[PDB]
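Below, each value reflects all heavy atoms present in this structure, side chains not excepted, and no hydrogens, waters or symmetry copies. Proteins get letters first, then strands, A, B, ... in listed order; numbering begins at 1 in each. For ligands, and for the atoms within them, numbers begin at 1 and follow the listed sequence.
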Number of protein chains: 4
Amino acid sequence: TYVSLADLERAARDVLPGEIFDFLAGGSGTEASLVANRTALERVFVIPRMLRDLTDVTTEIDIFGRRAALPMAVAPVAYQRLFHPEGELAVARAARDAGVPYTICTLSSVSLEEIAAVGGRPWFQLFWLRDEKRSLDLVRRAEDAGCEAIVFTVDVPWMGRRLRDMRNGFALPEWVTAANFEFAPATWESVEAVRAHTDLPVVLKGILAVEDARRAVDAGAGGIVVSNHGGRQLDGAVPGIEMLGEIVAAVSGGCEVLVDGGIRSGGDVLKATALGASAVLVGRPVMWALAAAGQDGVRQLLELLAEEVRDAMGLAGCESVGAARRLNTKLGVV
Amino acid sequence: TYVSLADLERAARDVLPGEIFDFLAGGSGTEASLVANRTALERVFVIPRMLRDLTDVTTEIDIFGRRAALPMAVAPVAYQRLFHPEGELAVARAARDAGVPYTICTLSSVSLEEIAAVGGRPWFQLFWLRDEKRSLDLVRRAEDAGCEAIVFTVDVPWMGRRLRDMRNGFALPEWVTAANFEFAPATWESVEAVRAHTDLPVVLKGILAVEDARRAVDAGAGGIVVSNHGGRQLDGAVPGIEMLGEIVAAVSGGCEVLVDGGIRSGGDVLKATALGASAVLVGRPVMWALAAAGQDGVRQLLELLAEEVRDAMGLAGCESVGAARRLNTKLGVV
Amino acid sequence: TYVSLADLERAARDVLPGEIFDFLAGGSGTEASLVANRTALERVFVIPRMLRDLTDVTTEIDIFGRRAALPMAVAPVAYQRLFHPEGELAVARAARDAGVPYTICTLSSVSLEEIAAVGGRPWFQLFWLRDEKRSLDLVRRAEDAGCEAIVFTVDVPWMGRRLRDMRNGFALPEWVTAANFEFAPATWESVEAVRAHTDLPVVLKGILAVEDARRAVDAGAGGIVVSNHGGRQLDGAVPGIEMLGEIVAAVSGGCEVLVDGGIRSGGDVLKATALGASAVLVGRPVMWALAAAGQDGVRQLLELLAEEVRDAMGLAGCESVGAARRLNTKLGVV
Amino acid sequence: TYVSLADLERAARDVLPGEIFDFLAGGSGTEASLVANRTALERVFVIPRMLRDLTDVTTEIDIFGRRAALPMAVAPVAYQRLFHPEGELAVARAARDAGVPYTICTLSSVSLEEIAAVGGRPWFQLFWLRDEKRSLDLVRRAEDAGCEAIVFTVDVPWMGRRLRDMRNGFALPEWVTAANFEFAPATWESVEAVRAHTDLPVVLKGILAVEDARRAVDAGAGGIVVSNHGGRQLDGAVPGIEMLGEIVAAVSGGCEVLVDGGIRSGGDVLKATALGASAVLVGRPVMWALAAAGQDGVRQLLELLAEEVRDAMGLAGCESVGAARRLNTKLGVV
Ligand SMILES: Cc1cc2nc3c(=O)[nH]c(=O)nc-3n(C[C@H](O)[C@H](O)[C@H](O)COP(=O)(O)O)c2cc1C
Ligand SMILES: Cc1cc2nc3c(=O)[nH]c(=O)nc-3n(C[C@H](O)[C@H](O)[C@H](O)COP(=O)(O)O)c2cc1C
Ligand SMILES: Cc1cc2nc3c(=O)[nH]c(=O)nc-3n(C[C@H](O)[C@H](O)[C@H](O)COP(=O)(O)O)c2cc1C
Ligand SMILES: Cc1cc2nc3c(=O)[nH]c(=O)nc-3n(C[C@H](O)[C@H](O)[C@H](O)COP(=O)(O)O)c2cc1C
Ligand SMILES: O=C(O)C(O)(O)C(F)(F)F
Ligand SMILES: O=C(O)C(O)(O)C(F)(F)F
Ligand SMILES: O=C(O)C(O)(O)C(F)(F)F
Ligand SMILES: O=C(O)C(O)(O)C(F)(F)F
């Protein structure tokens, strides 16, 4: 039985080959931004409210035209067959059963149409490719397969410097491939080409500057993910959680504002929502659960997160996610 | 001989079964709010005054119509027979003899009428129950038994996630019961029902938001306890000591403002009073003393705390608790 | 050869009996204020000036009508025969030869007249006693013996709670006595009685509140020492170095403003002067040198401190102590 | 293969004699300013921009009339034959081949004319000497040999207190000499004498006070290096990186503003440029590479730094160094 997300990390570290654990856990450079994602959340404290009606606490949200069971989605994580033989299918089935959106990756190790066929109203994460037409074909494939949003990753003009992977000489095993089939820097022109090619909401993942959040709204984005890519891209990039409040104020409801990086409990979800997030993404912990126990492991993680989110909301006096967004916070020292 | 409260923790850890020590020591979740209660006090420094008349230093206060020997009461702690066979009776006798109020718990392991019969003008802590009538009957029982204040706990719509207890599989031994005999979320309506049912002062324990402190005064509370429940409820809730000054300013004398969480010396009592508290509650250390040496252990703890409070007040130039409330503080780094 | 003051602490720890080392090193309570004296200095960084004339760097100051070779005096430390058989005489001889004022203590283990006969224009530290007439007789004795200033300690209405001493059961050996022969709280009336009884400058040692520094000037003090008594009195009292700049601004040249607590190098002297101190006191390191090597040890400490002060001043562009007081500082993180 | 600058430090520590490693690694006093150079950079986080054109990312700058391949130069480091038998010639050849300026030192262990003959448009670092005419002759020698800038070190009126060197009894081996052949405090008059004696840009290295940066522009300096001399001069001097933004604002383009101290990656270069630096100097890491592998080691270090600078710039949305200077930063906690 798992009682915290950290139990799942310990389980995944036991089972996975070291170099695959390092691919999953690592960040770029000195890993300063990886560590800072955790430090930044640890410094945030919630000011809970008391004595409110909790007859019908609900953790549901409406986002991108669908009800979701929690203010959370599974982050895009490439090559999930690295962690378990059922890879993306195991995670997508558990997310569907939990009512949580799952983000299908451009670098999925099972084709996007197979994962979409699991059901659950999934999203699709796009990398812009040197061949533009391939990127736009991926968007059309995702839409035709029933994906509900395009999560355009805007912080990977190229992959960051992953020193653990370099030191391990890590490469994909022969049995893991990019099943949808290189990176080209995306620009605002690329965003507009995607927006013109689809009716789905376009969500820009990897925004940290306030001006880029404003420009995303002006560009017609339906959402942004405030994110430093889990500390895997620019080493020294500010954590998303440290930019979130300023960004939420600047867009002033013009798009959904998600955040990711280091969310490791329902209490962390509560902190993100109190700082103004519409929802969070969760990356590494979902893969820990997949490595530890496959689909059932992911189901147990999502049940644990749902319990922790409900617990934290009610302890803070919030019968709905909207009420949680109106909580105040205080920075402290750890 | 004990020369600090930390000597009592070491003694209690030696004697108690591990799972009972963990029930006592633990907090919710990652224990971030438990640790932060200590960090927050450690960052506060007092600016002492010199050269004042200390002919007649007194640590007494008047609160809820009674003189108390120190600006301190024993916090409500459930199930004290877990720590010593005399449980609540041992603690209540020592508190009476020291002139300190003792808070009888709804979850006491000796009935509230037995503990009240010890004397000492006790308080009574109320949990709101699914059966409302049971809660209101408890209030009437407490009043009929001579309790002087109703300490309504407002931060437990349900118990937080106590991971040590889950991991230990902790349960009450067969020989410990709730001797007054489930939780229902309390609301402001519950507060009003209690206020209408009693002539005693109603004290809301577990307030952290400034607006909830203001509303408590408007609701007719005679006091509040600024508290995160010793880090046992919302993991990530701000420490009470970090909200205390703002709350004292907002209520501007409209009710007594107590604080708890991490008070471990007379110097900590002085810090709380300099931040504006009327009095503190002390929880875990009283149980350490009870575990270590029963009634005599509690007596020794209260004598040590009285000596440390007198010492700190006089070293800071304060002949009375009111003067201590006018001290200034400075945040520092530890 | 000693190249830092920390070499002397290591040497003194080797030679002294543990309980005497603990009497010297210890503070009150949890030792939070003892540690904070060091943390507070470590957080201060100097902004040095370049390209100034350093033809004739001088570390001298004029204070209380005498030239001193450094902006430093030996702090009052009781019972110096605990550390070396020559006790106060060894320290006073080395201070005289270095041109540094030495503070003779009320609790000296050699009589104040013997120590004054060493020469060197000494100061005299006064404790107010239950028998007032004894305190005023001490002042007259000190003046008749040629002491140049009365350092009235205002932060010891009684001794703080020295837990190391309690735990060690420390007591003075039979061969160490208060050779000038209990504490009574001093008040502003006591200050005025001393000021009326002597022509010497009265320096109030142990001021931390800005208002008490202002009142000291109004009371006719010639100086104050901004100090928490080396963390030995109120545990949780702010470090003097954290109050110094505010106090220097409030008195606006109306008296000399000294500081002590944790000065462990010439660079620390420079930080204190850049924060506005007229001079520092140094306590524990002088006793380390005395324990390690007697008079010659103290001489070596004072020569090392003089070299470090000259080095730091010149590296910061300061040909005089007055120029060092005009340096700016920046708080940083350690 | 080296994947970070820290790999080179480990390699250099293996090969060098301990006392030479300590000469290289050490700082003055307690090494507080040495450590603070790293802490200060670790606290700075970059706010990267996304979706910008990265077709032609260039790391080049124009400085002192020459194009440089990176916003970096090799800092002046005395006596490079201590680290490798080819000393300065090995480093200068690698810097030339990488397109990076190399600063020839007054205390070079190979004559300045030999090092200049390597090519690469070098700079020359000047110490002011007791015999002024020797300093001015050095300037003329450097100019006649083709050096492009005079880097006048203004923070060494004398050498700081290097406790590692004292404790090791470090001295130059007989086979290392000052091949160009004592310190005199330099003043603003010395700066003017140099400016009058040369047509080359004069760069004042070791400025930390804002007023001294302003005065440097007024004095006709072409640049300054904001620097605490790698923590080797005043122990307790603020890190240059903590003064850089204020200094850049005060000079408001009147001279080039470089910074040094603790630059250990391309990400650190990016932080310095986002705080407004025109370029950085790098000291110790260049010597680590020289010790580890001679000229080829330096080449590998400079190739690694070039890759990290390009990577960090592009990940932050910057196609040029000028764009990197317009990035914003946020202080965080580590
Ligand atoms: C192993 C791994 C692979 C990832 N692959 C992608 C990817 O292909 N596309 C993308 O937009 N983000 C990718 N991410 C970033 C995540 O979507 C997410 O931003 C980061 O992991 C969130 O932080 P968390 O892992 O701390 O929860 C990846 C993360 C990891 C750990
Ligand atoms: C073992 C334990 C049981 C407690 N039971 C109750 C309770 O029944 N009702 C309540 O209002 N608080 C309860 N508390 C909270 C305390 O009253 C108090 O808020 C917290 O312990 C104060 O902090 P301290 O222990 O750091 O002094 C309990 C605390 C502990 C440690
Ligand atoms: C062992 C010891 C004894 C002291 N005795 C006295 C005293 O009799 N009177 C007094 O005013 N201060 C006394 N002090 C305080 C010092 O004068 C000084 O304020 C404190 O030691 C300064 O800090 P430092 O030791 O960190 O340099 C004593 C300090 C120590 C360590
Ligand atoms: C061993 C050593 C010798 C140095 N010699 C000189 C020197 O002769 N002249 C000078 O201006 N700076 C000298 N410096 C300072 C460097 O130019 C530079 O300011 C400092 O090393 C920069 O920091 P970094 O080493 O952290 O990169 C020296 C530094 C070291 C480590
Ligand atoms: O973080 C990852 O591993 C990634 O997002 O898939 C990549 F490789 F594109 F950068
Ligand atoms: O902290 C406790 O253990 C408590 O307050 O008694 C409970 F259980 F109600 F939450
Ligand atoms: O700090 C000391 O030991 C003292 O100042 O001498 C005392 F005892 F008076 F408090
Ligand atoms: O830091 C150095 O070692 C130096 O700059 O060369 C010196 F010696 F001049 F101070």
For ligand 8, which atoms sit closer than 4.0 Å to a heavy atom of [X]?
X      : result
D:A78  : 6 (O)
D:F183 : 9 (F)
D:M159 : 8 (F), 10 (F)

Proximal atoms of ligand 7 relative to C:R232 (non-hydrogen, under 4.0 Å):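 What qualifies from ligand 7 is 1 (O), 2 (C), 3 (O).
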
Short question: side chain of C:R164, backbone of C:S28 - any donor-acceptor pair under 3.5 Å?
-> no

Practice task
Return yes if some donor-acceptor pair links the side-chain N/O of D:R162 with the main-chain N/O of D:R232 below 3.5 Å, else return no.
Solution key: yes

In Å and rounded to the nearest 0.5 Å, what is the [atom1] to [atom2] distance from [X] to [Y]?
X      : Y      : atom1 : atom2 : result
A:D22  : A:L163 : CG    : CG    : 11.0 Å
D:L138 : D:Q125 : CG    : CD    : 9.5 Å
C:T106 : C:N180 : OG1   : CG    : 6.5 Å
A:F127 : A:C105 : CZ    : SG    : 7.5 Å
A:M159 : A:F183 : CE    : CZ    : 5.0 Å
A:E88  : A:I104 : CD    : CD1   : 9.0 Å

Looking only at N/O atoms, are [X] and ligand 1 under 3.5 Å apart anywhere?
X      : value
A:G283 : yes
A:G262 : yes
A:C105 : no
A:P76  : yes
A:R232 : no

Polar-atom distance check: D:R162 versus ligand 8, any N or O pair below 3.5 Å?
yes

With the threshold set at 4.0 Å, does a side-chain nitrogen-carboxylate oxygen contact exist between A:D268 and A:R38? yes

Discussion item. Looking at A:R264 and A:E9, is any side-chain nitrogen of the basic one under 4.0 Å from a carboxylate oxygen of the acidic one?
Written reply: no

Atoms in ligand 1 with a heavy atom of [X] nearer than 4.0 Å:
X      : answer
A:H229 : 6 (C), 10 (C), 11 (O), 12 (N), 13 (C), 14 (N), 15 (C), 19 (O)
A:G261 : 22 (C), 23 (O), 26 (O)
A:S227 : 19 (O)

Quick check, are the ring centers of A:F83 and A:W288 under 6.0 angstrom apart?
->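 No, too far apart.
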
What residue and atom, counting heavy atoms only, is the protein's closest point to [atom], and at what distance?
atom                    : answer
atom 11 (O) of ligand 1 : A:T153 OG1, 2.7 Å
atom 25 (O) of ligand 1 : A:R284 N, 2.9 Å
atom 31 (C) of ligand 1 : A:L24 O, 3.3 Å
atom 4 (C) of ligand 7  : C:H229 NE2, 3.9 Å
atom 5 (N) of ligand 1  : A:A78 N, 3.2 Å

Does some non-hydrogen atom of A:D260 fall short of 4.0 Å from ligand 1?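 For ligand 1, residue contact (heavy atoms, under 4.0 Å) with A:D260 is present.
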
Under 4.0 angstrom from ligand 1, any heavy atom of A:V77?
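In this structure, A:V77 qualifies as a contact of ligand 1 - some heavy atom is under 4.0 Å.
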
- Carefully, step by step, assess A:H229 and A:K205 under the rule side chain to side chain contact (heavy atoms under 4.5 Å, CB included). CA-CA 8 Å; A:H229 209 107; A:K205 172 173 184 282; 3.9 Å; yes

Worksheet item: Which of these passes side-chain contact (heavy atoms from CB on, under 4.5 Å) with A:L281: A:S227, A:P76, A:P101?
Response: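 Single pass found, and it is A:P76.
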
Margin query: Heavy atom to atom 9 (N) of ligand 1, shortest distance: which of A:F23, A:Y79, A:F127 holds it?
Written below: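 It is A:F127 whose heavy atom sits nearest to atom 9 (N) of ligand 1.
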
#### Entry: Shortest heavy-atom approach to atom 24 (P) of ligand 1 - which of A:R264, A:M159, A:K205
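Of the listed residues, A:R264 has the closest heavy atom.
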
Report task. Specify whether D:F170 and D:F23 have parallel, tilted or perpendicular ring planes, treating 30° as the upper limit for parallel and 60° as the lower limit for perpendicular. Result -> parallel

D:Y79 heavy atom under 4.0 Å from ligand 8: no

